[PDB]
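Numbering-wise, the UniProt record's numbering puts 874 at position 6 of the sequence shown, and it's gapless, one number per residue. Cβ coordinates follow ideal geometry from the N, Cα and C atoms, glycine included.
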Amino acid sequence: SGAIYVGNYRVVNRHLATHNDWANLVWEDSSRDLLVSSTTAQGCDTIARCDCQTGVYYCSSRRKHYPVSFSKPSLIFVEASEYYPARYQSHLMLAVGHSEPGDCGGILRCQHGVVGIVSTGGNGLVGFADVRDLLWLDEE
Ligand SMILES: NC(=O)[C@H]1CCCN(C(=O)[C@]2(Cc3ccc(F)cc3)CCCCO2)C1
Ligand SMILES: [Zn+2]
């Protein structure tokens, strides 16, 4: 579990969104595994607006932050699961790192701010949904 809290927005994995998230919906995209809801209180996270391909992510199944190198956002095949049919997930970045399903929502960051959130895994792989192109998160 986990979210990004920027401005009056809460960014979560779409497959983990709550009823309150759906009832206060700003934007959602199944192809990216992202959902954004509105918040009453202002958040403290800042979004990175950069070209970093190295950063650090939080792994809840280890209670640890790990440094990682990650690929550029791309369209990657994600097999049918208990949350989606077989499809291509867009804006996904892969790295070598430990992950488990409950690790979704952990933040990936660089020196510029938040880059994305854990969305996918694999044997020694972790995938992150990028948020750096969502410029509207910085306003309203
Ligand atoms: N974004 C998606 O489509 C995920 C929905 C849940 C299923 N998805 C997965 O990748 C996994 C679960 C997972 C493990 C570790 C993670 F950090 C994030 C998810 C692992 C690979 C195959 C089986 O399920 C894909
Ligand atoms: Zn950066």
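- In the three-state reduction of the DSSP assignment, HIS980 falls in the coil class, being assigned neither a helical nor a strand state.
- When secondary structure is reduced to three states using DSSP, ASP901 falls in the coil class, being assigned neither helix nor strand.
- In the three-state DSSP reduction, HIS887 falls in the helix class (H, G or I).
- Restricting attention to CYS920, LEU960, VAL874, the CA atom closest to the CA of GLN910 is found in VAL874.
- With contacts defined by Cβ atoms closer than 9 Å, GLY984 and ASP971 do not form a contacting pair.
- Its chain contains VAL924, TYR926 as the residues whose beta carbon lies nearer than 6 Å to that of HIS933, once the 5 sequence neighbours on both sides are disregarded; these appear in chain order.
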